[PDB]
Amino acid sequence: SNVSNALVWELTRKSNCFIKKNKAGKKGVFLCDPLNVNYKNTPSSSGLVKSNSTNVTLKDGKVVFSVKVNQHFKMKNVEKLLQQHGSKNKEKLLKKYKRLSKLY
Amino acid sequence: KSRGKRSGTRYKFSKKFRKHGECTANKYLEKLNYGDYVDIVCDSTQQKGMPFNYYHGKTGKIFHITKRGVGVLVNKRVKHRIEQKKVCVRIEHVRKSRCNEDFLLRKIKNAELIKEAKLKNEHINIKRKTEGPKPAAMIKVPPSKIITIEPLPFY
Amino acid sequence: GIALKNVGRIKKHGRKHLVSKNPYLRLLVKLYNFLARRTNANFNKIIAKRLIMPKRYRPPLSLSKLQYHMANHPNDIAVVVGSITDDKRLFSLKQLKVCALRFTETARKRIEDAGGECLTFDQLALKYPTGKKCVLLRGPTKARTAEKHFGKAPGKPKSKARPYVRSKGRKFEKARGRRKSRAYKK
Amino acid sequence: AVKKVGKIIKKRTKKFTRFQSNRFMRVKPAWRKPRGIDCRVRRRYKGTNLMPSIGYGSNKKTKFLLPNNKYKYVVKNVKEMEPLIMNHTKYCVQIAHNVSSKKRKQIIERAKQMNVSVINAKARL
Amino acid sequence: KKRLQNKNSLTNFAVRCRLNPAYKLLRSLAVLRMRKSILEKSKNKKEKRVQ
Amino acid sequence: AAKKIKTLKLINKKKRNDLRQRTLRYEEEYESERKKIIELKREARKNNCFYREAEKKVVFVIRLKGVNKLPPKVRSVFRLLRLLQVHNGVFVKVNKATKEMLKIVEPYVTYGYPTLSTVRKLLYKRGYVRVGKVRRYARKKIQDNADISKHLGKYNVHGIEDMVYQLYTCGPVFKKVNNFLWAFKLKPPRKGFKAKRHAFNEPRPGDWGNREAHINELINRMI
Amino acid sequence: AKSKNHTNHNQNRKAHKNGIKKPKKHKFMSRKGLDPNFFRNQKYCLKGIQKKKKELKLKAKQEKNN
Amino acid sequence: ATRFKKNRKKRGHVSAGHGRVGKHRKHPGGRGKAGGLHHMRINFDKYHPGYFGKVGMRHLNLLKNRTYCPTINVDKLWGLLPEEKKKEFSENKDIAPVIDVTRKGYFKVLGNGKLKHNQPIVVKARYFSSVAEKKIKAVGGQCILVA
RNA sequence: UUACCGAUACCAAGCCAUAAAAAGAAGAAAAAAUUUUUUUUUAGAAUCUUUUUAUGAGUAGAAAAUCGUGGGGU
RNA sequence: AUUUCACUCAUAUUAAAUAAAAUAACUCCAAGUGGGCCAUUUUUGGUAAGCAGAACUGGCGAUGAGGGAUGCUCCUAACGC
RNA sequence: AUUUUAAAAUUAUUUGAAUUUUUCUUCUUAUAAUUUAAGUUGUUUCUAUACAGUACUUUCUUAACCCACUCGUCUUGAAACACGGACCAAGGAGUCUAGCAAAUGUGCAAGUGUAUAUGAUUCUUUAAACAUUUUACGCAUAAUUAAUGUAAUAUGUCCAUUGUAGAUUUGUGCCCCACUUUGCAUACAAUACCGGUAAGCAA
Ligand SMILES: O[C@H](c1cc(C(F)(F)F)nc2c(C(F)(F)F)cccc12)[C@@H]1CCCCN1
Ligand SMILES: [Mg+2]
Ligand SMILES: [Mg+2]
Ligand SMILES: [Mg+2]
Ligand SMILES: [Mg+2]
Ligand SMILES: [Mg+2]
Ligand SMILES: [Mg+2]
Ligand SMILES: [Mg+2]
Ligand SMILES: [Mg+2]
Ligand SMILES: [Mg+2]
Ligand SMILES: [Mg+2]
Ligand SMILES: [Mg+2]
Ligand SMILES: [Mg+2]
Ligand SMILES: [Mg+2]
Ligand SMILES: [Mg+2]
Ligand SMILES: [Mg+2]
Ligand SMILES: [Mg+2]
Ligand SMILES: [Mg+2]
Ligand SMILES: [Mg+2]
Ligand SMILES: [Mg+2]
């Protein structure tokens with residue numbers, strides 16, 4: 001009753017510990033959130049503000065699937081996971097996962 | 001150096017040629033109300049109630065009326081700002097304005113016009129039509145009356 | 001060049017954004033701004049403006065005053081864009097429905113007792129997004145002690161402004177220029 | 001003059017050097033705005049150094065784009081590299097000047113995996 | 001609405017038409033006037049002289 | 001919604017139709033008036049009497065002098081007119097007060113009787129208009145009739161043609177139209193001025209006089 | 001030292017920047033030091049009127065009550 | 001804090017904001033109150049009218065206590081009771097609350113404000129203003145002088 | 001009498017800032033390949049984004065936004 | 001004279017124009033400034049002065065740009081890139 | 001991601017008219033397309049079948065055309081035959097406290113501030129943080145008078161003084177309108193009443 005998403009955003013629009021902004025080349029403010037699909041500093045994409053998020057991260061070596069209440073998992077498998085707990089965004093996530101896979 | 005109440009007033013208070021004497025007895029019968037506009041024209045025949053040099057000519061609303069005293073709200077431009085000044089005068093210097101009554105007449109006429117319009121349901125313009133462009137005219141002039149002109153030689 | 005006034009740019013003399021960093025308050029202002037922009041019902045805009053305003057221009061509204069205001073129309077909801085304080089001077093409190101930015105605890109308690117309703121701004125919005133059957137009330141702004149020093153300065157004739165003094169009594173600004181007997185007066 | 005390349009317009013390639021920075025050693029080129037009466041620069045006499053002004057600024061749209069068309073992003077660590085996985089066509093990595101060689105190499109490797117351009121890959125190469 | 005060019009009316013026929021619909025008719029009339037052969041004009045001269 | 005849209009379209013079409021007819025009427029009038037003038041002249045010639053043409057009702061005023069080194073009264077007059085830049089042109093309804101104002105700023109402006117074609121040209125190539133809530137105007141070029149049909153819809157003057165007509169001869173709604181029109185930001189003359197210091201009526205080459213019949217020419221030159 | 005002791009130059013200009021501020025012209029000017037006796041009479045009249053109004057209101061209230 | 005001080009904002013300008021022609025010299029107008037009644041008389045007149053001169057009687061040994069008498073208006077008297085108790089009192093026209101105004105830390109009762117009609121109040125205090133007393137009585141209450 | 005040259009003034013167009021004004025809490029577009037892959041994006045940060053128009057001299061001075069240095073908590 | 005009722009006064013051309021008239025009022029808090037100088041015109045003292053002293057307005061001062069070869073003030077015109 | 005739409009215009013059709021008898025004659029009934037709408041796209045080269053070259057980018061370098069007077073400074077006015085400055089590096093100037101002020105932020109709000117000081121299961125940080133005894137004082141809530149002092153409608157009605165403009169509302173015919181309806185803040189007054197002082201009376 002005292003805490004809501006908008007409020008949270010307001011609190012942490014500036015003062016985050018995931019916000020990293022390029023000092024050289026001023027345009028660009030990134031969120032290093034464990035639940036950010038696109039690493040933008042927007043309340044409509046950030047994991048801290050959004051109640052339900054299903055981001056794919058790298059964490060420590062192996063690619064990890066994160067769900068929001070917080071869950072952690074591990075292409076077909078990823079798709080299945082998405083299908084299970086998930087409510088365009090999915091496509092984006094899939095794309096991201098592909099990219100992640102490429103990295104070792 | 002010398003700024004008295006009647007400084008630079010050799011001509012402003014001086015009565016006009018062949019119009020000295022005193023203020024006429026009928027001038028005191030001029031009726032005034034709480035809202036009338038009034039010109040302050042100083043008759044230096046009556047030294048009592050003499051307003052300051054500046055207010056001679058300038059008009060203003062009457063805000064106060066006494067036995068023989070008339071209080072007038074006169075706008076004075078003071079450097080950066082025009083301010084209201086309450087000048088307590090006598091009747092001898094106070095004269096009723098004329099513009100106000102010009103306005104009044106117009107208003108009266110306008111009312112009549114309005115009434116007339118109503119009588120017949122019509123769109124009659126009331127606003128004063130200022131001197132605009134002259135309409136097309138055909139002026140009949142005989143060749144006998146048209147007198148030709150040429151610049152005059154020097155002498 | 002162009003012979004203009006202040007050249008081109010149109011002066012706006014008022015607040016633009018709240019300087020305040022109060023997250024809740026910011027949220028509220030955002031909400032009301034949104035309301036203003038979508039539904040130009042004026043009321044919303046006014047509310048937004050009030051929210052934006054500084055603390056002096058949200059003077060506290062006293063419960064008694066509120067009651068007085070409500071005295072004509074009942075059941076409609078008085079909205080106060082500031083704090084509402086209680087008044088020991090009042091004996092009875094009617095069934096009031098009041099939306100405020102802030103209730104002092106005691107005032108709130110009083111309202112509750114009256115069997116009334118205390119609404120926050122969000123609640124009000126939810127209830128009445130067009131502000132139907134609402135009545136905007138303000139506290140007495142120029143009743144503030146600061147304002148008593150303003151206007152024509154004490155020294156100018158017929159001015160009713162409080163001089164800035166140390167204390168009060170004979171020894172303190174009550175002689176020359178304050179009585180016919182010591183040079184002048186006022 | 002103006003330096004068009006792509007749609008990228010640069011209005012003023014020349015640096016604005018301090019007045020008289022070329023006359024006394026003690027005065028560095030770093031722009032300082034002249035004050036005080038009789039400046040000549042302040043007064044904008046024909047033939048002197050120009051004063052930087054807001055008119056010179058680049059279009060809001062292409063501003064911090066480099067010749068590559070990518071905003072430069074400084075990278076100290078793999079973790080930081082990661083925010084640009086979904087942005088390889090818009091931000092280009094520069095590895096911090098103070099990174100040790102092994103770490104730099106690692107970063108470079110990561111970049112290649114990501115398809116992200118590195119603007120300073122050759123340091124300590 | 002995003003500002004586009006500002007299109008010369010006097011030239012850009014379509015724009016002109018949009019501005020003033022009757023204009024087309026006027027243009028047509030003008031064209032027709034232009035069309036008529038010079039012989040007729042010459043003939044008319046005599047008439048004019050007479051008048 | 002679709003139905004509503006259709007209705008709107010229909011209305012627009014109707015308006016356009018109405019506009020066209022109006023335009024045609026105006027055209028008919030213009031020629032007719034000219035013809036009548038000629039006839040009148042002929043009549044005058046025939047009979048010893050003279051025919052004076054009606055004072056041209058409107059006057060087009062173009063600035064000459066700059067912002068600097070100008071009296072306060074003159075500046076005020078300029079402001080009133082809506083002439084603020086060195087080559088700002090505007091239409092002014094010739095009156096008594098207006099005339100006086102013009103006289104007061106005589107040495108700083110060139111003015112005269114614009115003629116219809118010239119006016120039309122001005123409207124077309126240089127006609128910019130104020131689109132927005134009062135005191136926040138935004139200078140927008142006309143191009144479309146729907147841009148002016150919002151503000152001048154109450155006064156039965158939809159379309160540029162109507163506006164032009166109004167400008168040409170002081171109709172029931174001219175002042176409003178003038179107000180709506182942004183001050184004509186004109187070029188310098190393509191053949192150049194004679195001399196901005198001297199008067200047009202001066203025997204030597206000049207400008208700032210009342211060039212009643214050559215104003216149009218000037219406008220054309222600097223269009 | 002000899003100095004420019006007086007000038008009214010630029011003063012006008014200065015005045016004109018904020019413009020010659022006209023009097024605010026309030027509808028109800030304070031009738032304090034203005035014509036006595038009459039003003040007290042006026043006051044009395046006003047009071048009477050107020051009283052009458054109050055009485056009327058009371059009557060209305062009574063009627064409502066029944 | 002220093003970082004948001006204006007001087008820091010003026011740092012590259014020559015006169016530090018204190019004027020080029022009229023410099024910033026130490027104590028120009030004089031020291032402290034200075035020429036109050038001489039070169040600064042006008043200011044005194046306009047902002048501090050009755051500053052100069054002494055008025056009235058001396059009072060060599062004051063002792064503010066002797067004269068201490070905190071006031072309360074009747075308007076605030078019923079407020080001095082808790083809400084529930086107040087309600088009870090309102091309900092029961094039969095019983096009237098006594099109030100020890102001294103016990104609540106006030107020495108004088110003044111009469112600014114209405115009191116609820118009919119409701120009798122018993123007021124204990126050291127001082128009363130005539131009007132306050134009258135108000136109390138009108139409502140069927142009494143003032144009982146205390147010390 | 002023309003013609004021409006000629007400003008940081010004027011006009012037309014762009015871009016920058018300032019001011020104001022409109023207005024804003026869900027979705028596949030194209031190309032390259034050979035019906036399916038690949039290449040780009042797939043926006044919604046309220047002092048924010050999109051667009052619009054006007055405007056831009058400046059000492060004394062005032063304000064705002066930034067920038068940097070020594071240390072502190074994070 | 002005040003108050004309450006009545007009837008009834010042009011109004012979208014808006015009680016004559018015209019008006020980038022609310023960029024207005026008003027309140028507060030302060031800064032700098034309070035040596036000025038020049039030009040046309042009116043002008044006082046002075047033989048006169050690039051002299052001293054004034055009036056209306058514009059400038060310079062705070063201001064560059066084009067012209068006046070050159071110039072703080074003359075003319076053109078005030079300046080984002 | 002629906003005002004790059006809608007219309008205009010144009011092309012080929014289809015129905016009805018018109019006096020401007022016209023291969024651009026106009027309106028209009030319907031349908032497709034196109035651009036004169038609805039701010040530049042296309043074709044062919046070239047760089048180039050290159051990893052840097054002599055090309056391309058850019059830094060520096062002189063040239064050259066045109067311009068450009070030593071900065072700071074006080075001054076009506078400085079390039080001045082006004083002063084300060086040979087050069088360079090480091091240091092080098094509106095600060096801190098007391099009380100007051102307005103501004104704004106914040107908490108609480110007829111109160112507020114826990115002052116000293118105590119208390120603790122407080123003791124690297126702990127010189128802070130927490131807690132406040134199982135009617136302290138400040139400022140404010142009342143003013144005014146030299147003063148003994150006196151102290152704000154006035155118990156008919158818990159009601160909340162009267163106007164004129166005034167936000168918001170309530171209705172009538174979702175912003176303007178023209179009425180009603182309520183009358184915030186505030187401006188402008190008017191009254192009451194309180195303290196003082198006149199004046200009139202006066203135990
Ligand atoms: O205004 C919606 C919205 C909703 C919500 C939610 F309801 F989840 F809290 N939160 C939003 C937030 C949020 F508060 F930060 F989450 C920001 C912006 C829009 C939000 C937008 C609507 C457009 C799509 C993104 N959410
Ligand atoms: Mg004389
Ligand atoms: Mg100088
Ligand atoms: Mg110098
Ligand atoms: Mg020439
Ligand atoms: Mg400065
Ligand atoms: Mg100095
Ligand atoms: Mg500037
Ligand atoms: Mg000095
Ligand atoms: Mg100076
Ligand atoms: Mg100049
Ligand atoms: Mg010469
Ligand atoms: Mg001249
Ligand atoms: Mg040279
Ligand atoms: Mg000197
Ligand atoms: Mg010296
Ligand atoms: Mg030396
Ligand atoms: Mg030295
Ligand atoms: Mg140093
Ligand atoms: Mg404060």
# chains A, B, ... in the order shown; residues from 1 in each chain; ligands from 1
call {"tool": "residues_around", "arguments": {"residues": "range 26-29 of chain D", "least_positions_apart": "3", "cutoff": "10 Å", "atoms": "only C-alpha atoms (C1' of nucleotides)", "output": "PyMOL selection string"}}
result
(chain D and resi 15-23+32) or (chain K and resi 87-89)
call {"tool": "select_by_dssp", "arguments": {"residues": "chain D", "states": "helix (DSSP H, G or I)", "output": "list in words"}}
result
residues 54, 55, 56, 78, 79, 80, 81, 82, 83, 84, 101, 102, 103, 104, 105, 106, 107, 108, 109, 110, 111, 112, 113 and 114 of chain D
call {"tool": "write_last_selection", "arguments": {"atoms": "N, CA, C and O atoms", "output": "mmCIF file, in the first residue's frame"}}
result
data_model
loop_
_atom_site.group_PDB
_atom_site.id
_atom_site.type_symbol
_atom_site.label_atom_id
_atom_site.label_comp_id
_atom_site.auth_asym_id
_atom_site.auth_seq_id
_atom_site.Cartn_x
_atom_site.Cartn_y
_atom_site.Cartn_z
ATOM 1 N N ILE D 54 26.834 28.629 -28.830
ATOM 2 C CA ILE D 54 25.894 27.531 -28.974
ATOM 3 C C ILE D 54 25.481 27.255 -30.426
ATOM 4 O O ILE D 54 25.012 26.178 -30.730
ATOM 5 N N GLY D 55 25.696 28.202 -31.331
ATOM 6 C CA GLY D 55 25.323 27.991 -32.720
ATOM 7 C C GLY D 55 26.150 26.892 -33.346
ATOM 8 O O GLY D 55 25.710 26.160 -34.234
ATOM 9 N N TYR D 56 27.367 26.762 -32.857
ATOM 10 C CA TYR D 56 28.264 25.770 -33.400
ATOM 11 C C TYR D 56 27.841 24.310 -33.173
ATOM 12 O O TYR D 56 28.242 23.431 -33.931
ATOM 13 N N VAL D 78 34.444 -7.000 -18.366
ATOM 14 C CA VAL D 78 33.449 -7.812 -19.060
ATOM 15 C C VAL D 78 32.024 -7.439 -18.621
ATOM 16 O O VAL D 78 31.121 -7.292 -19.442
ATOM 17 N N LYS D 79 31.810 -7.273 -17.325
ATOM 18 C CA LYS D 79 30.468 -6.957 -16.865
ATOM 19 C C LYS D 79 29.897 -5.766 -17.630
ATOM 20 O O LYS D 79 28.759 -5.803 -18.069
ATOM 21 N N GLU D 80 30.714 -4.731 -17.789
ATOM 22 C CA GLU D 80 30.344 -3.517 -18.493
ATOM 23 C C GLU D 80 30.116 -3.779 -19.969
ATOM 24 O O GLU D 80 29.173 -3.242 -20.532
ATOM 25 N N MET D 81 30.983 -4.578 -20.590
ATOM 26 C CA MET D 81 30.793 -5.014 -21.966
ATOM 27 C C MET D 81 29.366 -5.491 -22.177
ATOM 28 O O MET D 81 28.771 -5.243 -23.209
ATOM 29 N N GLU D 82 28.818 -6.162 -21.177
ATOM 30 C CA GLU D 82 27.535 -6.815 -21.340
ATOM 31 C C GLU D 82 26.306 -5.925 -21.616
ATOM 32 O O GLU D 82 25.356 -6.382 -22.269
ATOM 33 N N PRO D 83 26.271 -4.701 -21.059
ATOM 34 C CA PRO D 83 25.127 -3.866 -21.353
ATOM 35 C C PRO D 83 24.940 -3.587 -22.818
ATOM 36 O O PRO D 83 23.851 -3.197 -23.216
ATOM 37 N N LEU D 84 25.975 -3.800 -23.624
ATOM 38 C CA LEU D 84 25.825 -3.525 -25.050
ATOM 39 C C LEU D 84 25.657 -4.763 -25.940
ATOM 40 O O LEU D 84 26.004 -4.736 -27.114
ATOM 41 N N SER D 101 47.213 -5.969 -19.971
ATOM 42 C CA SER D 101 47.203 -6.414 -21.357
ATOM 43 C C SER D 101 46.321 -7.632 -21.547
ATOM 44 O O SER D 101 45.554 -7.696 -22.515
ATOM 45 N N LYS D 102 46.419 -8.559 -20.603
ATOM 46 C CA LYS D 102 45.650 -9.803 -20.621
ATOM 47 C C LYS D 102 44.144 -9.490 -20.646
ATOM 48 O O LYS D 102 43.363 -10.029 -21.455
ATOM 49 N N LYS D 103 43.789 -8.589 -19.737
ATOM 50 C CA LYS D 103 42.393 -8.162 -19.564
ATOM 51 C C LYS D 103 41.897 -7.524 -20.856
ATOM 52 O O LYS D 103 40.782 -7.816 -21.294
ATOM 53 N N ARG D 104 42.737 -6.678 -21.449
ATOM 54 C CA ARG D 104 42.432 -5.994 -22.712
ATOM 55 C C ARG D 104 42.133 -7.010 -23.796
ATOM 56 O O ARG D 104 41.149 -6.879 -24.535
ATOM 57 N N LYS D 105 43.001 -8.013 -23.869
ATOM 58 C CA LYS D 105 42.891 -9.096 -24.855
ATOM 59 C C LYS D 105 41.549 -9.804 -24.698
ATOM 60 O O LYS D 105 40.841 -10.059 -25.688
ATOM 61 N N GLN D 106 41.231 -10.107 -23.440
ATOM 62 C CA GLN D 106 39.991 -10.790 -23.080
ATOM 63 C C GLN D 106 38.787 -9.980 -23.566
ATOM 64 O O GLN D 106 37.845 -10.522 -24.166
ATOM 65 N N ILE D 107 38.852 -8.682 -23.293
ATOM 66 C CA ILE D 107 37.801 -7.735 -23.660
ATOM 67 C C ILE D 107 37.604 -7.745 -25.169
ATOM 68 O O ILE D 107 36.473 -7.788 -25.648
ATOM 69 N N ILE D 108 38.718 -7.710 -25.885
ATOM 70 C CA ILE D 108 38.735 -7.721 -27.355
ATOM 71 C C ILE D 108 38.035 -8.968 -27.867
ATOM 72 O O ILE D 108 37.208 -8.896 -28.784
ATOM 73 N N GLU D 109 38.390 -10.096 -27.259
ATOM 74 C CA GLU D 109 37.826 -11.401 -27.611
ATOM 75 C C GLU D 109 36.302 -11.371 -27.452
ATOM 76 O O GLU D 109 35.559 -11.825 -28.330
ATOM 77 N N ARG D 110 35.886 -10.834 -26.313
ATOM 78 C CA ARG D 110 34.470 -10.716 -25.964
ATOM 79 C C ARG D 110 33.735 -9.898 -27.018
ATOM 80 O O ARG D 110 32.642 -10.249 -27.454
ATOM 81 N N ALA D 111 34.358 -8.783 -27.392
ATOM 82 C CA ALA D 111 33.833 -7.853 -28.383
ATOM 83 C C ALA D 111 33.618 -8.571 -29.690
ATOM 84 O O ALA D 111 32.596 -8.371 -30.316
ATOM 85 N N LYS D 112 34.593 -9.375 -30.096
ATOM 86 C CA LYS D 112 34.479 -10.095 -31.354
ATOM 87 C C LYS D 112 33.291 -11.051 -31.337
ATOM 88 O O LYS D 112 32.533 -11.124 -32.304
ATOM 89 N N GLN D 113 33.126 -11.729 -30.207
ATOM 90 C CA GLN D 113 31.993 -12.635 -30.003
ATOM 91 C C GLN D 113 30.674 -11.897 -30.162
ATOM 92 O O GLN D 113 29.768 -12.427 -30.793
ATOM 93 N N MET D 114 30.648 -10.634 -29.748
ATOM 94 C CA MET D 114 29.428 -9.846 -29.661
ATOM 95 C C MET D 114 29.118 -9.124 -30.963
ATOM 96 O O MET D 114 28.040 -8.561 -31.156
#
call {"tool": "interface_residues", "arguments": {"of": "chain A", "to": "chain C", "cutoff": "7 Å", "atoms": "only C-alpha atoms", "output": "ChimeraX atom specification"}}
result
/A:7,10-11
call {"tool": "residues_around", "arguments": {"residues": "range 30-41 of chain H", "least_positions_apart": "2", "cutoff": "12 Å", "atoms": "only C-alpha atoms (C1' of nucleotides)", "output": "list in words"}}
result
residues 155, 176 and 177 of chain C; 25, 26, 27, 28, 43, 44, 45, 46, 47, 48, 49, 50, 51, 52 and 53 of chain H
call {"tool": "write_last_selection", "arguments": {"atoms": "N, CA and C atoms", "output": "PDB file, in the first residue's frame"}}
result
ATOM      1  N   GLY C 155       6.782  54.214   7.891  1.00  0.00           N
ATOM      2  CA  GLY C 155       7.533  55.421   7.562  1.00  0.00           C
ATOM      3  C   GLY C 155       6.771  56.163   6.484  1.00  0.00           C
ATOM      4  N   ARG C 176      10.426  58.954  18.086  1.00  0.00           N
ATOM      5  CA  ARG C 176      10.486  59.861  16.931  1.00  0.00           C
ATOM      6  C   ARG C 176       9.909  59.235  15.662  1.00  0.00           C
ATOM      7  N   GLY C 177       8.846  59.827  15.132  1.00  0.00           N
ATOM      8  CA  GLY C 177       8.196  59.257  13.965  1.00  0.00           C
ATOM      9  C   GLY C 177       7.106  58.259  14.291  1.00  0.00           C
TER      10      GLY C 177
ATOM     11  N   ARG H  25      34.799  48.115  -1.127  1.00  0.00           N
ATOM     12  CA  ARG H  25      35.726  48.559  -0.089  1.00  0.00           C
ATOM     13  C   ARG H  25      35.216  48.193   1.304  1.00  0.00           C
ATOM     14  N   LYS H  26      36.129  48.080   2.264  1.00  0.00           N
ATOM     15  CA  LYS H  26      35.756  47.698   3.622  1.00  0.00           C
ATOM     16  C   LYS H  26      35.011  48.819   4.352  1.00  0.00           C
ATOM     17  N   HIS H  27      33.795  48.502   4.791  1.00  0.00           N
ATOM     18  CA  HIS H  27      32.905  49.425   5.513  1.00  0.00           C
ATOM     19  C   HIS H  27      32.651  50.789   4.839  1.00  0.00           C
ATOM     20  N   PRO H  28      32.091  50.791   3.611  1.00  0.00           N
ATOM     21  CA  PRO H  28      31.857  52.085   2.962  1.00  0.00           C
ATOM     22  C   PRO H  28      30.881  52.970   3.750  1.00  0.00           C
ATOM     23  N   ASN H  43      16.784  55.991   5.368  1.00  0.00           N
ATOM     24  CA  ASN H  43      16.573  54.556   5.565  1.00  0.00           C
ATOM     25  C   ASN H  43      15.883  54.313   6.900  1.00  0.00           C
ATOM     26  N   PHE H  44      16.403  54.983   7.929  1.00  0.00           N
ATOM     27  CA  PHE H  44      15.865  54.854   9.283  1.00  0.00           C
ATOM     28  C   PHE H  44      14.404  55.268   9.323  1.00  0.00           C
ATOM     29  N   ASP H  45      14.125  56.387   8.666  1.00  0.00           N
ATOM     30  CA  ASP H  45      12.782  56.957   8.579  1.00  0.00           C
ATOM     31  C   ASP H  45      11.842  55.951   7.936  1.00  0.00           C
ATOM     32  N   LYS H  46      12.311  55.355   6.846  1.00  0.00           N
ATOM     33  CA  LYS H  46      11.426  54.568   6.036  1.00  0.00           C
ATOM     34  C   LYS H  46      11.225  53.163   6.570  1.00  0.00           C
ATOM     35  N   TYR H  47      12.235  52.570   7.195  1.00  0.00           N
ATOM     36  CA  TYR H  47      12.095  51.205   7.694  1.00  0.00           C
ATOM     37  C   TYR H  47      11.951  51.103   9.209  1.00  0.00           C
ATOM     38  N   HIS H  48      12.453  52.098   9.932  1.00  0.00           N
ATOM     39  CA  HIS H  48      12.478  52.051  11.391  1.00  0.00           C
ATOM     40  C   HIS H  48      11.960  53.343  12.020  1.00  0.00           C
ATOM     41  N   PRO H  49      10.684  53.658  11.767  1.00  0.00           N
ATOM     42  CA  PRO H  49      10.155  54.965  12.126  1.00  0.00           C
ATOM     43  C   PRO H  49      10.580  55.456  13.507  1.00  0.00           C
ATOM     44  N   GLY H  50      10.087  54.822  14.571  1.00  0.00           N
ATOM     45  CA  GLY H  50      10.237  55.349  15.914  1.00  0.00           C
ATOM     46  C   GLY H  50      11.522  54.983  16.621  1.00  0.00           C
ATOM     47  N   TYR H  51      12.544  54.626  15.851  1.00  0.00           N
ATOM     48  CA  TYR H  51      13.832  54.223  16.419  1.00  0.00           C
ATOM     49  C   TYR H  51      14.460  55.206  17.426  1.00  0.00           C
ATOM     50  N   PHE H  52      14.677  56.458  17.011  1.00  0.00           N
ATOM     51  CA  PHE H  52      15.400  57.454  17.818  1.00  0.00           C
ATOM     52  C   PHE H  52      14.560  58.117  18.910  1.00  0.00           C
ATOM     53  N   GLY H  53      15.207  58.489  20.013  1.00  0.00           N
ATOM     54  CA  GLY H  53      14.514  59.105  21.140  1.00  0.00           C
ATOM     55  C   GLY H  53      14.002  58.100  22.154  1.00  0.00           C
TER      56      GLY H  53
END
call {"tool": "residues_near_ligand", "arguments": {"ligand": "ligand 2", "cutoff": "8 Å", "atoms": "only C-alpha atoms (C1' of nucleotides) and all ligand atoms", "output": "ChimeraX atom specification"}}
result
/B:8,10-11
call {"tool": "write_last_selection", "arguments": {"atoms": "C-alpha atoms", "output": "PDB file, in the first residue's frame"}}
result
ATOM      1  CA  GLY B   8       6.058  80.612 -12.895  1.00  0.00           C
ATOM      2  CA  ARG B  10       2.696  85.261 -14.221  1.00  0.00           C
ATOM      3  CA  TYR B  11       0.324  84.276 -17.041  1.00  0.00           C
TER       4      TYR B  11
END
call {"tool": "residues_around", "arguments": {"residues": "residue 4 in chain E", "least_positions_apart": "5", "cutoff": "12 Å", "atoms": "only C-alpha atoms (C1' of nucleotides)", "output": "PDB file with C-alpha atoms (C1' of nucleotides), in the first residue's frame"}}
result
ATOM      1  CA  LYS F 140       2.590  28.820 -40.587  1.00  0.00           C
ATOM      2  CA  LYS F 141       2.363  29.082 -44.383  1.00  0.00           C
ATOM      3  CA  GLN F 143      -1.063  25.971 -48.377  1.00  0.00           C
TER       4      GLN F 143
ATOM      5  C1'   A I  13      16.677  26.417 -46.728  1.00  0.00           C
ATOM      6  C1'   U I  51       6.968  17.779 -33.604  1.00  0.00           C
ATOM      7  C1'   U I  52       5.846  23.147 -34.485  1.00  0.00           C
TER       8        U I  52
ATOM      9  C1'   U K   4       2.905  10.478 -46.147  1.00  0.00           C
ATOM     10  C1'   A K  37      -0.161  15.990 -53.554  1.00  0.00           C
ATOM     11  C1'   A K  38       2.650  13.681 -49.423  1.00  0.00           C
ATOM     12  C1'   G K  39      10.559  18.535 -48.171  1.00  0.00           C
TER      13        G K  39
END
call {"tool": "residues_near_ligand", "arguments": {"ligand": "ligand 18", "cutoff": "10 Å", "atoms": "only C-alpha atoms (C1' of nucleotides) and all ligand atoms", "output": "list in words"}}
result
residues 84, 85 and 86 of chain K
